[PDB]
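One structure is given below, encoded as structure tokens.
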Amino acid sequence: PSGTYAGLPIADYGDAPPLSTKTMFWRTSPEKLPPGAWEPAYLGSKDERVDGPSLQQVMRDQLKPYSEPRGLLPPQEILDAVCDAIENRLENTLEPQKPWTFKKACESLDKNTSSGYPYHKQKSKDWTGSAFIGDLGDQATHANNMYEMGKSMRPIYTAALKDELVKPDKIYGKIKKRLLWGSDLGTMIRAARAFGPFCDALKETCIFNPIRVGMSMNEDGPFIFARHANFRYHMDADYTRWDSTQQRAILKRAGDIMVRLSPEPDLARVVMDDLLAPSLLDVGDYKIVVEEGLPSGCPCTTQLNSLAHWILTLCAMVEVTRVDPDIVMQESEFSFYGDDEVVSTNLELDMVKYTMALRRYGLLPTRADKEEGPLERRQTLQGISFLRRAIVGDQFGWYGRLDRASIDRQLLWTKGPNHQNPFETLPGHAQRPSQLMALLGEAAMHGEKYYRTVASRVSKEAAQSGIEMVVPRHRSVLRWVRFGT
Amino acid sequence: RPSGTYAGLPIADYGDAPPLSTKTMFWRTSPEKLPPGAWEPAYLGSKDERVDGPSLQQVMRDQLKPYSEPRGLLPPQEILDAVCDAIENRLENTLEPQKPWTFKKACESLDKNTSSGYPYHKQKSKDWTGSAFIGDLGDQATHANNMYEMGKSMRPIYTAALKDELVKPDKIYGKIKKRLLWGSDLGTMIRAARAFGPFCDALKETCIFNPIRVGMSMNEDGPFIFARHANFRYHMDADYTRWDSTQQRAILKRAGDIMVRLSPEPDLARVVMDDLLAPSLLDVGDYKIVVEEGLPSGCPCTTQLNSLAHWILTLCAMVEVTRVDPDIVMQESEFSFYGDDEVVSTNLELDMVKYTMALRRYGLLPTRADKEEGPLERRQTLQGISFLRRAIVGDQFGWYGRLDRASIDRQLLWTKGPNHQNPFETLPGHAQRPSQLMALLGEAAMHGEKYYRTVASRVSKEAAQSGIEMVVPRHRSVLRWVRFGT
Amino acid sequence: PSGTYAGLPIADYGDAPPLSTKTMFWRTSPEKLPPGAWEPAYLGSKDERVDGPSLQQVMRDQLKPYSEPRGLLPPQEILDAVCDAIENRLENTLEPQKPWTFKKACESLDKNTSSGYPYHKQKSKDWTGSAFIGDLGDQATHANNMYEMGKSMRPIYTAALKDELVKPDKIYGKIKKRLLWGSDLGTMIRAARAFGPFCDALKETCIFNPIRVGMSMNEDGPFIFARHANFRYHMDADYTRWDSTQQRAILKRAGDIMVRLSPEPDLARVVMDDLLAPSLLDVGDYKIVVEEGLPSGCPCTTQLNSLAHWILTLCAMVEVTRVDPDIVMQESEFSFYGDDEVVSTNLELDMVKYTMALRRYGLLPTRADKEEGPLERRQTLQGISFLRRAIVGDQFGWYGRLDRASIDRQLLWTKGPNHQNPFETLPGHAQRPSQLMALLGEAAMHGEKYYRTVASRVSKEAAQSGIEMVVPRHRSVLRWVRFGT
């Protein structure tokens, strides 16, 4: 077969199961949902709420970017300098690790999610609680032999559509649903082993270096935010379709680093060379080839993507200021989490030329709160968000706070088993407490008035659920929330 | 679909059940002759080299007669209402509110050596990792769990069996009788165990102060329990024939009503409880039949729910006859239930003629113990009544339960081992009977020196040819160990 | 079907999957292997070191001697004399065991190794760190019942060819490759239950009783060899094709002893009687019938085999010396591990008559470690070997030292995943901390000079390497190996 499907080559028939039609989200009251209330994404024909296109269609629209012409590399000379700085920096900061055994590679894998090609099994189905058996034991078995023999395996990605809460517009307007990349089990265990050591280190380092993954918001926010705060100029950028705009060239460079700084370089070189080679994506009707943009199924995926964000940010910064990348790194503080950034700096940076330099790499930043570039840069770290918490400073120090609407949305809905109609209500949801408490916390940070507003809504539910809830005093949470513990 | 009848009951579908077992677990302990009138394992079907008899399938038909017999009468509505509230209060006051059971804890609570039942009919340990169910029993449970959380309903499929146990020779050589077993679907097994395990646990904890003794130790809780009965003048053991099959779903619901209301998840437990009591589906080889009535004895909860009904049926009779409100009867009586097994102790001056009627009128079948005839007798001693198949005995040291010598003797003549076709076949040394062997001494020593010494005869020999050897204890020495423990 | 495979009757169709065309060995340097260097054994039609006969054919070659006319029985009057003596000695040494549970037996098994007939799954594929489930589970259950019930089962042995390093000739001359019998899990656990107590007894008296199975060369060596040194004359006796040349009649004699010292003898009788009954072997296309020779699959067999050995040897000595076997055995110290023997004795033994006896039994000693015989004996314990170690006569006592040439190899080759070409290099190995150490300590005992040339090789084998380890001093490590712990 061959084969132009959604702008991209065809290679084979798809072994993809048909796109999930049911959602995990459940309204907690039966009340008339407030106007403009976020909602579970489009569900398909079956979705009673609206009459939108096929899920198969929605997926096509999502593939569009991955065939849009790639932008230009950063000037080769500068790129070399940044890769090497980022490397050199890590070399000095990252602690050499023990290699990961098949056991720990398999131990690490989320057993609640799908094995993907070809068994498309929920991983738990084949897990002893130590190693993998049966169908998946054997895929893993072989994926391990192959990794140890430094031999190559084409990975097969299975596409999906993220079930999440979205603005009503995404539903009753132009229907949009966000694309996923379900890795296969073989590939997962291979990259697990390959770059699980390196990733680990990076998480232990997540306060000292700019890749933030593994960072505790409450526990690390104050310090990380105080750090950015030492710097004169702050900025946000709001990349849209970051993932599908990545150049594989750059990804190779991030991979170059990851390999170098992983304990089995010889064997990593393969998995990474594998992970980056024109990628096969099963959309159901066909598997297709995607040569560009980020291939996002793998354990290490988000770190490698962060690593590119770093590279890309520096590349422009250095071009613009024209200062040696390591210098900029000592006149700057960075936070990265995939597409998620906060760039702080003492260097006088030209916001026009910076915007121009990235849009030239093919990126699509925007003005974080007014949707327009050049990217403004304020004298105040307050008003940028990171991890959808907003940066805030009082007389005690800095902290990331979740905003009103998000905490509103978290009360209105709750996880549950899969179902087709999201306004349905399950019985007395028992995993409420441990979360419901945190909600209590995060609202304290908005003070008294609002906290009362939540204090009640909390009482309302939790009573008619498990046992009773202690509703602590506003000032008593603030201390548990800000300080501790 | 079908319908149709088998064993006088509508046919709902074809049977997936495997064929009924033709073997037993009881290997004669020794190669000698069996003493005359000796108990022997129940009939093995076609292939029993002991007697010519019908197909096991036939024995099943016999066993299935009662579930199509007309039900007895509901106890006067008012008293029913009255007794259920009184029983609900007792439990409301006596049960430490337990918290909801998770998937994991329910899965953990299952006896993994019994069958999984329909569909796969597999020994449960087979898809068991040590904590979860994988593969086949994985799918069925994980599906069964989802249906629960969501409050959707399932149709339980039960699988029939015939109890393999020692029976009085007469049930083999005269008219053949082997007892009906129900076996729940792992689907229901897990579902009904979330809904009702917290309750069964609660009840379990509360069993020295509550008449439902499911979970008791005869050694530890026996003395207390029995000494508790003796505070009451009159005693009756008033024992039932065909208990399970006489049950009225109507009452069984009231039983269920209570457990649901008393569960950490009423909303969820209700959907599961309705499912159990719904006209039941029993896989009997060739067909699955609709059983509208009696008790659906598959699931975990079952035996608690069963006793709960027995509570409700005894109370109704007492209130119907004495005409004292159910809280006063219960403050004037000590009850002991376990499914069908029962002691009833009360100071109230109950009319035994009038009582039996009410019971029979509810369609129950009480007989004068294994002494034959009445009206049921009442006595002013507790001595002689028995419970969980031990004799209730009282001495200078308090009350206790004493498995009787006839009963001890058989245990000497039979030992459990793998399934096989000939009951008179003997094993080797069988190197795992020290646990069992010890108990026998204990049991014996409570019958005075004469006896224990002649049980010291046998427990000696059968210790020679065995895995290890220890010396036989002194009487007074072991009796103490037996009476006050440990 | 019917009815002749390499000289032996057909009984049924085989179910054995095909033979491994692959090796587990991998080269450590790409450097061209020295002249006359051992290599993994031949791997058939896809093997590239030569074009030779089918593995099928090679195995037929291995099966030839099972059909050979058996040798003769020792004189009845000498046979019982010994056997009754051996048992009485065990009886005077062995601490009585308590019966092995299913639970215990299921634990014993080498979990990393094929299930045999009929699933042919590696055991690990079905275990829970706990018990066998699924397939093997059921198999394990059934057999256990047939045990307790004292009913019988027909073992179904699977045939294979040992992947090992061999003298290069055995690839480029007359291709040979050693036969293995895979037992079936049923017989496995069944024999484990029946005969595990006995083997355990043997384990814990392997210094006082000639059957050294389970011994530690390092911990137990210095005192086993010390007992040997207490005697005037010592002898290699080196046997060709032990297992093939065996006589079931004697295997039954050792069977009888074993069964006599088992906690549950009646249960054990059966298992033995099966083990010893004409063995059914699964050779791929067909199952055939092996009436003679030692059937080697299950647990037990190695102790069974040594026990036979014990008998055969003790026979020759009584045969020749004319002396009551109690006196022989009290003017002598034996060491048997399978076919590996060492016989120390004070009795003047007529070497001509003695050898003759063994051959008459249908045995096949070669010359100690030279060519042609009459077998020969020395006045010194040095020069003899056992468990592939040269016995050494040191001021600190006696020991086992792995020879120079054996070391060179363990440095030349590394075990890895199964592959097609033995000559490839295992891309930047990890697992050597334990194995590297041991060989560094092996070389310790060969003097200060030899240790140096080794140290260096160890180190460039620690070049592209998982752990950046020290070379400890010679003196230090030599202290470490000899003395322990």
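Simple scheme: letters A, B, ... for chains in structure tokens order, numbers from 1 for residues in each chain, numbers from 1 for ligands in the order shown.
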- Message: Residues of chain B within 7 Å of chain A, counting only C-alpha atoms - could you list those as a PyMOL selection string?
- Response: chain B and resi 129+134-135+138+146+150+267
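All of the residues in chain A within 8 Å of chain C are residues 99, 128, 130, 133, 134, 137, 145, 148, 149, 150, 263, 264, 266 and 267 of chain A, where only C-alpha atoms were counted.
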Selected residues written out with N, CA and C atoms, as a tab-separated table (two decimals), in the first residue's frame:
chain	number	residue	atom	x	y	z
A	99	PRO	N	24.38	1.22	35.67
A	99	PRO	CA	23.52	0.80	34.58
A	99	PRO	C	22.23	0.14	35.06
A	128	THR	N	3.94	-10.17	36.82
A	128	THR	CA	3.94	-11.01	38.01
A	128	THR	C	3.99	-10.21	39.28
A	130	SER	N	7.01	-8.61	39.57
A	130	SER	CA	8.47	-8.71	39.62
A	130	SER	C	9.01	-8.61	38.20
A	133	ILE	N	5.51	-11.74	32.22
A	133	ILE	CA	5.31	-13.08	31.66
A	133	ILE	C	4.44	-13.15	30.40
A	134	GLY	N	4.32	-14.36	29.87
A	134	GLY	CA	3.49	-14.63	28.72
A	134	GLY	C	3.87	-13.84	27.48
A	137	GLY	N	6.09	-10.79	28.47
A	137	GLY	CA	7.34	-11.30	28.99
A	137	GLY	C	8.29	-11.58	27.85
A	145	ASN	N	17.38	-8.93	24.89
A	145	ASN	CA	18.48	-9.63	24.21
A	145	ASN	C	19.11	-8.73	23.16
A	148	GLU	N	21.09	-5.78	24.65
A	148	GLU	CA	22.39	-6.26	25.13
A	148	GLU	C	23.34	-6.56	23.95
A	149	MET	N	22.79	-7.01	22.82
A	149	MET	CA	23.61	-7.32	21.64
A	149	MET	C	23.86	-6.12	20.75
A	150	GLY	N	23.58	-4.92	21.27
A	150	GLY	CA	23.62	-3.70	20.47
A	150	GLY	C	23.08	-3.83	19.05
A	263	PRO	N	25.76	5.52	31.12
A	263	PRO	CA	26.78	4.50	31.42
A	263	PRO	C	27.02	3.42	30.34
A	264	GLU	N	26.07	3.19	29.45
A	264	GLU	CA	26.33	2.27	28.34
A	264	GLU	C	26.20	2.98	26.99
A	266	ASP	N	27.90	2.83	24.15
A	266	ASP	CA	27.93	1.98	22.97
A	266	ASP	C	26.50	1.56	22.59
A	267	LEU	N	25.77	1.02	23.56
A	267	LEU	CA	24.42	0.52	23.35
A	267	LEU	C	23.34	1.60	23.27
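Taking atom CA of residue 74 of chain A and atom CA of residue 309 of chain A as the two end points, the separation is 12.6 Å.
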- Task: Identify, on the basis of only C-alpha atoms, every residue whose closest approach to residue 414 of chain C does not exceed 10 Å; exclude the query and any residue fewer than 4 positions from it along the same chain; express the result as a ChimeraX atom specification.
- Result: /C:24-28,409-410,425-426,429,431-432,435
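DSSP on the backbone gives strand (DSSP E or B) for these parts of segment 141-184 of chain B: residues 157, 158, 159, 161, 162, 166, 167, 180 and 181 of chain B.
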Would you write out those residues with N, CA, C and O atoms, as a short mmCIF file (atom, residue, chain, number, x, y, z; two decimals), in the first residue's frame?
data_model
loop_
_atom_site.label_atom_id
_atom_site.label_comp_id
_atom_site.auth_asym_id
_atom_site.auth_seq_id
_atom_site.Cartn_x
_atom_site.Cartn_y
_atom_site.Cartn_z
N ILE B 157 -23.56 -16.76 37.43
CA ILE B 157 -23.72 -18.17 37.01
C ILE B 157 -23.09 -19.06 38.05
O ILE B 157 -21.88 -18.96 38.29
N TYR B 158 -23.89 -19.94 38.65
CA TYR B 158 -23.34 -20.87 39.64
C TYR B 158 -23.13 -22.24 39.02
O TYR B 158 -23.82 -22.60 38.09
N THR B 159 -22.21 -23.00 39.58
CA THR B 159 -21.89 -24.34 39.09
C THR B 159 -22.12 -25.39 40.18
O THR B 159 -21.65 -25.23 41.30
N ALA B 161 -22.13 -29.03 42.30
CA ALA B 161 -21.20 -30.07 42.70
C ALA B 161 -21.87 -30.96 43.74
O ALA B 161 -22.97 -30.66 44.21
N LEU B 162 -21.22 -32.06 44.09
CA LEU B 162 -21.73 -32.92 45.14
C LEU B 162 -20.69 -33.08 46.23
O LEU B 162 -19.55 -33.41 45.95
N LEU B 166 -17.50 -38.00 54.50
CA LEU B 166 -17.84 -39.28 55.08
C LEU B 166 -19.33 -39.28 55.37
O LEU B 166 -19.85 -38.32 55.92
N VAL B 167 -20.02 -40.33 54.95
CA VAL B 167 -21.43 -40.44 55.23
C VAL B 167 -21.71 -41.75 55.95
O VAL B 167 -20.88 -42.67 55.93
N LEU B 180 -25.86 -31.38 47.64
CA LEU B 180 -25.68 -30.36 46.59
C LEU B 180 -24.75 -29.19 46.98
O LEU B 180 -24.91 -28.58 48.03
N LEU B 181 -23.77 -28.87 46.13
CA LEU B 181 -22.90 -27.73 46.36
C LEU B 181 -23.09 -26.70 45.28
O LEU B 181 -23.18 -27.04 44.10
#
- Message: When you look at residue 361 of chain C with a cut-off of 8 Å (counting only C-alpha atoms), what residues show up, excluding the ones that are within fewer than 5 positions of it in the same chain? I need them as JSON, numbers by chain.
- Response: {"C": [71, 72, 73, 74, 312]}
- Item | segment 10-23 of chain B surroundings by only C-alpha atoms, 8 Å radius, close-in-sequence under 6 positions cut, as a ChimeraX atom specification | /B:1-4,44-45,47-48,56-57,118-119,121,159-162,281,283-290,419-422
Same residues, C-alpha atoms, output as a JSON list (two decimals), in the first residue's frame:
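Contents of the output file selection30.json:
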[["chain", "number", "residue", "atom", "x", "y", "z"],
["B", 1, "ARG", "CA", -34.26, -18.69, 25.22],
["B", 2, "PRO", "CA", -34.91, -22.57, 25.74],
["B", 3, "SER", "CA", -37.41, -23.79, 28.39],
["B", 4, "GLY", "CA", -37.98, -26.66, 28.75],
["B", 44, "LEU", "CA", -18.87, -41.83, 43.43],
["B", 45, "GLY", "CA", -21.34, -42.49, 40.58],
["B", 47, "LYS", "CA", -17.63, -45.98, 38.68],
["B", 48, "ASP", "CA", -18.04, -46.70, 42.37],
["B", 56, "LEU", "CA", -24.23, -38.76, 39.72],
["B", 57, "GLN", "CA", -26.34, -36.62, 37.42],
["B", 118, "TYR", "CA", -17.92, -20.14, 35.15],
["B", 119, "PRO", "CA", -16.59, -19.67, 32.60],
["B", 121, "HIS", "CA", -13.63, -23.48, 35.60],
["B", 159, "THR", "CA", -21.89, -24.34, 39.09],
["B", 160, "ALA", "CA", -23.24, -27.49, 40.80],
["B", 161, "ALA", "CA", -21.20, -30.07, 42.70],
["B", 162, "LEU", "CA", -21.73, -32.92, 45.14],
["B", 281, "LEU", "CA", -28.71, -19.56, 37.36],
["B", 283, "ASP", "CA", -25.01, -24.82, 35.73],
["B", 284, "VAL", "CA", -25.72, -28.52, 36.17],
["B", 285, "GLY", "CA", -23.77, -30.11, 33.33],
["B", 286, "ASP", "CA", -26.11, -30.36, 30.33],
["B", 287, "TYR", "CA", -28.07, -27.17, 31.23],
["B", 288, "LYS", "CA", -28.16, -23.95, 33.19],
["B", 289, "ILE", "CA", -31.50, -23.95, 35.11],
["B", 290, "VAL", "CA", -33.40, -21.01, 36.74],
["B", 419, "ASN", "CA", -8.45, -37.37, 44.52],
["B", 420, "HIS", "CA", -8.68, -41.04, 43.66],
["B", 421, "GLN", "CA", -11.19, -43.69, 42.63],
["B", 422, "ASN", "CA", -11.00, -46.33, 45.43]]
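We find atom CA of residue 6 of chain B and atom CA of residue 279 of chain B to be spaced 15.8 Å apart.
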- Query: atom CA of residue 253 of chain A and atom CA of residue 153 of chain A, how far apart in Å?
  - Reply: 20.9 Å
- Which one of B:358, B:184, B:83, B:107 sits closest to residue 329 of chain B if you count only C-alpha atoms? B:83
- Task: Check the DSSP output for the backbone and give back, as a count of residues only, the residues of segment 119-357 of chain A in helix (DSSP H, G or I).
- Result: 118
